[PDB]
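The chain that follows stands alone, in the form deposited in one PDB entry, written as structure tokens.
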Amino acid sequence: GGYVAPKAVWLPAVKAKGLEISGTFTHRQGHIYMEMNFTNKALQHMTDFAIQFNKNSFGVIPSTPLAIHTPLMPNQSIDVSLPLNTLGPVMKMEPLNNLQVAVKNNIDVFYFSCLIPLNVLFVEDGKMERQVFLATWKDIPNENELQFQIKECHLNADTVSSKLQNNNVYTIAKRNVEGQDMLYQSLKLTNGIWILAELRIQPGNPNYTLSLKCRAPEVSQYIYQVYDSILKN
């Protein structure tokens, strides 16, 4: 039971000759999926479907041929599921998490863009052995620490750990000092990078100070973003 973004219109009919695409990525038992839904708003039929992914920043690629065996009918809307892995090729994309994508059919080829939510790149063995979290924490130079402000979040010490848990942010420790709880937490990217976090929760204060330490800190701004999304949703 992870966090999944609603379907977003990746490629609207008006652009792909009647082919319309709704999308969302999912992580389930550390296996990535592009959840689509195809709709032929056109008046031809659609056979010969393939999807191709551009190089991206986490080697993200489709792992099968697109799963679609019938022609798609004037008006038929159907769910696809595209399994993905990350053993694919790599190019620093900007935004770091952008997916440029070619979908094809008998009619033509439509290029469109969608953002991978990073959360679905959190592996399952991302919980740092406790020695390992501390040593690492002091290791990575504070120069290297970013801090974010989880604007208006109010959910408990206990509710925080558990959401992040489904989305594979694992709480290492929860300490309280002058009244403020401080969740010590770790996650890890499919490509191997650790993120370490200290979430700090106040008595009263509507915000939630998030601090990330990370070997490559360009990632951090995104972890923020989707810790955010989780905690809001």
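In case it trips you up, residue 1 is the first one in the sequence shown, and so on.
There is also a form solved in complex with a partner chain; it is not shown, and the following applies to it.
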query	finding
Contact residue in the entry with it bound, from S63, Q52, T70, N166 (heavy atom within 4.5 Å of its partner chain)	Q52
Partner-contacting position among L82, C153, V123, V101 - heavy atom within 4.5 Å of its partner chain in the entry with it bound	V101
Its partner chain contact at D108 in the entry with it bound, heavy atom, 4.5 Å	yes
